[PDB]
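Colleague: return a 3D structure for these sequence lines:
(15 chains)
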Amino acid sequence: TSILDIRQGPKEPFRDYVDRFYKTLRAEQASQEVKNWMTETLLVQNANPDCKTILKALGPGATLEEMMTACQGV
Amino acid sequence: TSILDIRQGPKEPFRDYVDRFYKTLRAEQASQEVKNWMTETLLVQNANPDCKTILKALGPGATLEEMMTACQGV
Amino acid sequence: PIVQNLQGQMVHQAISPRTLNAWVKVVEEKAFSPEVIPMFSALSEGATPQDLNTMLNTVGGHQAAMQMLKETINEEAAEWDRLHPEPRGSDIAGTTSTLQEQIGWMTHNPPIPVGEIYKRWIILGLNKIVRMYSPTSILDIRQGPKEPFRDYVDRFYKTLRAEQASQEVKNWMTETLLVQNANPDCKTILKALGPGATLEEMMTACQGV
Amino acid sequence: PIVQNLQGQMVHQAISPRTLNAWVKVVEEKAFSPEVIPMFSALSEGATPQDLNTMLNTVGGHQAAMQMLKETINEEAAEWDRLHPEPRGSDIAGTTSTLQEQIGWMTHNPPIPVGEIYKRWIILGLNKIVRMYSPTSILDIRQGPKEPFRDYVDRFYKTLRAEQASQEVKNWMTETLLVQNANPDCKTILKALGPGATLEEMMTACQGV
Amino acid sequence: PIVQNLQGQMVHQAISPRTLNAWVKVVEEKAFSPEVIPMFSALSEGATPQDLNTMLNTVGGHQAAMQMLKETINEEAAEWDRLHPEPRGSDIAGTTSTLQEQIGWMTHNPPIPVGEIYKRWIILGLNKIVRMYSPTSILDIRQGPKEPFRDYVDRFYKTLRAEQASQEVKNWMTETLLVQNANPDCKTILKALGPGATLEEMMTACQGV
Amino acid sequence: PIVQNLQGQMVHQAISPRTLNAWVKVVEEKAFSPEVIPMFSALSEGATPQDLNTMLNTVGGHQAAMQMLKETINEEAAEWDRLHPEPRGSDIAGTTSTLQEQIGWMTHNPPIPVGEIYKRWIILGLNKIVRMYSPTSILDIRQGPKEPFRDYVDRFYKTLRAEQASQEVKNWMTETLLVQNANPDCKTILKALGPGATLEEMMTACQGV
Amino acid sequence: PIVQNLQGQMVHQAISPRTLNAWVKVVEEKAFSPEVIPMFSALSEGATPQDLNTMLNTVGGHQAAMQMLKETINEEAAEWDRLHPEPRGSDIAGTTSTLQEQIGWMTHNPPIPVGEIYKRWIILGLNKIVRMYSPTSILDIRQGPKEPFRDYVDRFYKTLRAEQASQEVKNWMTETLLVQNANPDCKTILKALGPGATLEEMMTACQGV
Amino acid sequence: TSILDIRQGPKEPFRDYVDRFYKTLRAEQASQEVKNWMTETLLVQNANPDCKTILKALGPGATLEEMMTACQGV
Amino acid sequence: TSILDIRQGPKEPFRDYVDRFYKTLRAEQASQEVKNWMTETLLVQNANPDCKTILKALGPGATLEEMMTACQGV
Amino acid sequence: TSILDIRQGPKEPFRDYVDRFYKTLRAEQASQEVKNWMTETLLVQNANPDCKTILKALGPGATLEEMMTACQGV
Amino acid sequence: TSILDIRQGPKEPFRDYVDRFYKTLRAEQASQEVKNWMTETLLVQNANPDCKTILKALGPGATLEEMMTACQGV
Amino acid sequence: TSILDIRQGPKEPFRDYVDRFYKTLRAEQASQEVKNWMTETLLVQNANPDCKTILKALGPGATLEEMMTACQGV
Amino acid sequence: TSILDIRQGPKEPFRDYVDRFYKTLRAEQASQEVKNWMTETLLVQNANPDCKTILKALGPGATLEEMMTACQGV
Amino acid sequence: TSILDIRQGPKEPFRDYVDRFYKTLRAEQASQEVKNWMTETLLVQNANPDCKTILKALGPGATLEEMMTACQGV
Amino acid sequence: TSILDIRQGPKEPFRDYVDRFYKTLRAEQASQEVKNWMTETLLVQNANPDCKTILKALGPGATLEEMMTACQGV
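Modeller: Residues are numbered from 1 along each chain as shown, chains lettered A, B, ... in the order given. Okay, here it is:
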């Protein structure tokens, strides 16, 4: 499936959803400016409501390391 | 109402509290040097306990745009 | 300190052991409560930069505090070397200058008071530390339902003394926040005095309320 | 203070660092309880106006107190310039005069004791502050049902010492209010002594009541 | 105090500011507990009558105490003028004499120790005040059911030290009342020692009882 | 200490009775809490090895502490005699040398500062004692659920100051353990600051949390 | 104390008023807790027998203690007159000798240190008093079920310091009773260390137990 | 009754308490200098808690006419 | 209606009653000395019993700003 | 019985307690200087709480005749 | 009636009984030494048991001012 | 998981806790000088209360082999 | 058993406790100087509370014969 | 009867038994060495169990004054 | 029986089991290196589970004196 379709399941650990997201992003083959937008925006918007709340609290500049570090307890 | 006693409601969106706060800070007769301190300190101090927990993590330099961005849907 | 010898020339007289111990008591036991600045400013009367560095050797060990203090001293020494192109910043901070240079500077005509100047830079760093170690914001200070207004005023001014606020903001806090955070019975009296009230009027009105 | 040099001439000897720290302890820790006036009056023994101004630099920071103090000093300096048309008010307050003028005045024959005079104006301002910071009116002081009469007498006189009352009003308060506000068991003894009783008689009668 | 100058002649050296403050602490904070007399007697070492009057200026303000003190001093000054027809009573009390007369008297051969004599009259007045401010009669001092005998002995002797009793009556109180008012468990041990027991024997027997 | 005589030669001036009493208060009443090292280092200003041995005569009586101290001094005296083949170890420790040798060494050009060196060996032994008497490991220090972060930081740094850890381990403890052992509400704020936070940032963020 | 005059001759300098007051605080407020002996030994640095008698004038008033002290001094003065057939016992106790004799003796070559000797007899009497006023036997000192081993060790050694035991008995008490009276959880650790353990090992093992 | 123990009744009009107070201050044998202090301090101190709350707001300079005017119908 | 008829309703905020009073006073066209008396006297006497109590506690010299500031909580 | 433990009974006439007290003070082996102190201080200290309240009002100079006269029928 | 007959009624304020006593004493016209005895002795003996107790606690030297001052609370 | 929060289970064999601890100490990014302190102090501090009671008796010099040998079957 | 923990039984005759105590003091490996202190201090300290109350009255000089004689049948 | 027969009755005050004992001893007319033994030994052995316990706690050297002083409370 | 057969009974004091063990070891007559192994190893392995736990806590170097001292409470 395309990257737009990848969502976090209601009880899925964030690291597994991130792995699915980036595996799909690698197959999606969009140009790097679009990949920047997708990894900033879709990855947050398609998270669980709790995890999405944690991620939005980081603001827009968050790196993937920070996003995963924040979500370990979810 | 006095700016000192504007407090974010237990379920009030932070943008609504910001609107109440700054609409009242225009009424306050204190000097601009005092209003600067009010914007810096009262806005965080009088936030909702959840939202206040978000805001204090942003540090003392945080802009109002950053504060509002962090507290979306809190 | 500086003392005139029997030859009439000015000479160093060391900051005494039990004065240093009184400063150690202030640093160790009062936990950078704001009276640390009056007590530093008192115990360092007449102190040369060598004496002041001797007093800072007990702030060392409070590694966070001593970091804030050293960086503030270095900042002011740089500001000195910027403003003034005679002692350089490290000489007035007494790290490079000799004791005899410091005493000379302090006793020339006019005096070059490297002691009192460096003591101001230290007091500015102690202010930063006293702010850091403040237990509360001035906004957190409220009068208890049975607390005497005198004791609340003491807590309020002690906290206001531990705050970054400019004198204009401190004036507004004194006029407005002190009333706002009083307990409702006492606050009723303070409101009835109106906005012009001095602290003397506020306290004599609320006495035993 | 003033000290005779080896040349026999009078010279300044600065108020020592640990004396100033003892005054800082009094200002900061005793919250203008009335013993601040005895302790000021003791620590300022022999103080020139320069020494007294050095001691007031720690009342600064208690912005309300220091305001009452400065305005009372300025009031007395104006009263001096009014009564006496030699030191002017700002010279005896040591803001304009030189240290050598102050020591000269204090050591001429007869002495012009600018130190002890200015120290009276400061003690008068400290009295105003001690009244402001009083936690209670003398009327609020009552003996508890199990409180020793000695402890109630101590609280009563401490408050009476913190009050504006003239000596005639203080005499009446001592004779009448002290009895009125005793607890009923103890008050019965005090009433039975009649109106002429001294405090010695009142205390020895109520001892352990 | 008196100090030998570089010329070898005896001269006045004033009772220091922080010694006076230590006496103010004793007067204000220890509420005429009996250690006020040891502490007065210590702080007044070498005091001339001018120094002693300087120390009494802080008992002033305790209007009852200072009345007892002044009247006892006047009584002893009258007794002096009665017994001795050189210093008169007001000269040895230092109200009329000059400082140079007081130092002369204290340093003639033999000395006329107006300081130590007047200091005895002051200690006699302080004794009267310490009795007045005693919280209890010696008869009220009892050992609590769980109180260590050491602490009861301390309370007992502190009160006995605050009492008018002659040394014969104090001896009887020590021998008899101290046993009588012990708690019954401890009292049983003290009774078993019989009447001859010293305090050392009583305390070592009751240790941890 | 060392004082220049009127002949200009350096001579011994004994560590004063009330300075020694201030050290006795530190040894007896503060139970080798870490401020004993600042207070020792202050009270021993200018101390010769004879003065330092006079100060150690009150650590004697704390038989465990004095054993650790003597063995550490002997260890450093042996290390001195090893490194340097002029004072021997027992001379710089002042057990064999004369007072005049110690003052000579301390006042030659360059100085041979047997006082400040031996004072470092004593401070090293006092460090060992302060570690022994530490009530807790740094790992045991946790913030209470209602404890102010300022008070927890004070307890944490006081314990960290009482620990054997090298500066690298102390840095890691400051960065990591201080956050780990905060209470969960406060810990949430500290986690949100990320790993780079200074203590100033941590405390201002958690202020009143 | 003894001070070299400007003429180079040794002369008396009186034990200062505020040193005597510090001894009065020790006698009155610390109730012959064992730190009274370190504090006496510190405050009496350089004391002549006249100075020591001046210090004993505040143990007078503690009639039991002063009796034990006088009789111990008289016992040692008799032992002196027995051993040595120059100062007699009453001269070294300073009751019969002149001040100039005492200073002569203390400053001849070799010195006849009547001060330090009489100070040992006083410390021996203070030891007897400290034993009498001990609140507990060393056998009564037990660790509470939640008491830190550090605090129990402090209580234990403080009591052991207040006991008649020879050093051999104190060594056995340290090795054996300290373990025996620990609480069972802590005692289990101390037993597991075996009999050879030093106090350092015992405390570091039981730290936070 | 002693002036020290004249207290305003829980429902007593302030004018009635003033009449009781000043009628008794004429009986008091104390000097005029003491009576001045009594008029200044006891009258407020012994007022009814509601009325006392009104009176303390008037400050130390307040005349008896002002005090009575403020407390009408309290 | 004439100014004498304007009264505060039992639950009316004081600011609304003041507005009605001064609107009527402007239409009443009495001379300024009478307006001074009316604004001092009728405005208090025609208030609610609670609000009238608060206003009488201010004494006779109170300005309209002070009167309205006092009554905000009623 | 020891003089220190002679106490007036809860209903005992003061004259009966005085008789018990002085009859026992003749037995006490203490010196006359101690007996003087006992007559002055114990007699009041050990009186019945009502009678003791009467006696302490008489002051320290009171004679036994005065003390007995005051306590008739107490 | 004669002075000997005047007694305090069981609930009579002492001042009223004193007034009756001295009005009768003025009519009795006995010589002054007898009046001294009567005013010292009958006036106490004919009081109520409570008031008589209070009066006896004053001892024999009490003036009429002291007697009345003592009995105000009875 | 952070090495600071690895704690021996209430019934966990000490060898299993040692395996968890040292496997995590390899993950910790702290310097070797800090890891030395961790091996010395955390391993004892975080042991099970029974096992911790055994380990503290071994003294500060104890090797891991000695610690494991002492805690067999604890 | 350790001499420190030999204690007289709640009903044990003092002679039986003395036999237990001294039979154990022969086992103790401590020096004679320590055993002297034990005979002087532990024997009293560890006595039964009744018997201990007897023994402490005898003073510090008491011989074992005197101690046993005093405690017969206690 | 002879001295050997004199015993303390189960509720008899010790002073009465002592009086009976010495009255009998005076009539018994035994030589003084025997009287010494009797007054030391029979006088204790023939006391009540409680009083005999108190007396034995005094040891063998007790004088009659001490014995009677000890037994006053029995 | 041979040394291998000697075991501690479920309630047997360790000293009795040690006595049985060494009595058997003396009869077993194995060479000293084997005796060293047996006294280190069998003596522990054949103890009760509790006593065996205490003994293993001592580690391998324990002397017989230490082993018996450790087990006195079992």
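
Colleague: distance of the residue located most distally from the centre of chain A from chain D?
Modeller: The centre of chain A is farthest from one residue, residue A:31, which by CA atoms, centre = their mean lies 17.7 Å away. Using CB to the nearest CB, to the nearest Å, one obtains 64 Å as the distance from residue A:31 to chain D. In short, each C-beta sits where N, CA and C put it, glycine included.

Colleague: what about that residue, distance to residue A:42?
Modeller: Residue A:31 sits 15 Å away from residue A:42, taking CB to CB, to the nearest Å as the criterion.

Colleague: who touches the closest residue to residue A:2 other than its chain neighbours in this structure?
Modeller: Nearest residue to residue A:2, sequence neighbours excluded (CB to CB, 6 or more residues apart in numbering or on different chains): residue A:28, at 6.4 Å. Listed by CB atoms under 8 Å, 6 or more residues apart in numbering or on different chains, the contact set of residue A:28 reads A:2, A:3, A:35, A:38.

Colleague: helix or strand for the residue nearest the centre of chain A, just tell me which one.
Modeller: With distances taken as CA atoms, centre = their mean, the residue of chain A nearest its centroid is residue A:43 (2.5 Å). Remark: residue A:43 resides in helix A:32-45, with elements defined by DSSP states H and E.

Colleague: also residue A:20?
Modeller: Judged by DSSP H and E, residue A:20 forms part of helix A:14-28.

Colleague: is residue A:60 in contact with residue A:40, as I believe?
Modeller: Yes. Counting by CB atoms under 8 Å, residue A:60 touches residue A:40, with 6.6 Å between them.

Colleague: picking that back up, show the buried residues in the contacts of residue A:28.
Modeller: A:3, A:35, A:38 (16 or more other CB atoms under 10 Å in any protein chain shown).

Colleague: return the nearest residue of chain A with respect to chain G.
Modeller: Sorted by distance to chain G under CB to the nearest CB, the residues of chain A start with residue A:73, at 29.5 Å.

Colleague: distance of that residue relative to chain H?
Modeller: For residue A:73, the distance to chain H - CB to the nearest CB - is 54 Å.

Colleague: residue A:62 now?
Modeller: The spacing between residue A:62 and chain H, counted by CB to the nearest CB, is 56 Å.

Colleague: OK, contacts around that residue?
Modeller: The neighbours of residue A:62, taking CB under 8 Å, 6+ apart as the test, are A:55, A:70.

Colleague: report how many residues lie close to residue A:55.
Modeller: 21 (other CB atoms under 10 Å in any protein chain shown).

Colleague: which element follows the helix or strand harbouring it toward the C-terminus?
Modeller: Mapping residue A:55 onto the secondary structure by DSSP H and E places it in helix A:49-57. The helix or strand immediately downstream of helix A:49-57 is helix A:64-71, counting by DSSP H and E.

Colleague: mind listing what's buried along that next one?
Modeller: Per 16+ other CB under 10 Å, helix A:64-71 contains these buried residues: A:67, A:70, A:71.

Colleague: for stretch A:41-48, same thing?
Modeller: A:42, A:43, A:44, A:46, A:47, A:48.
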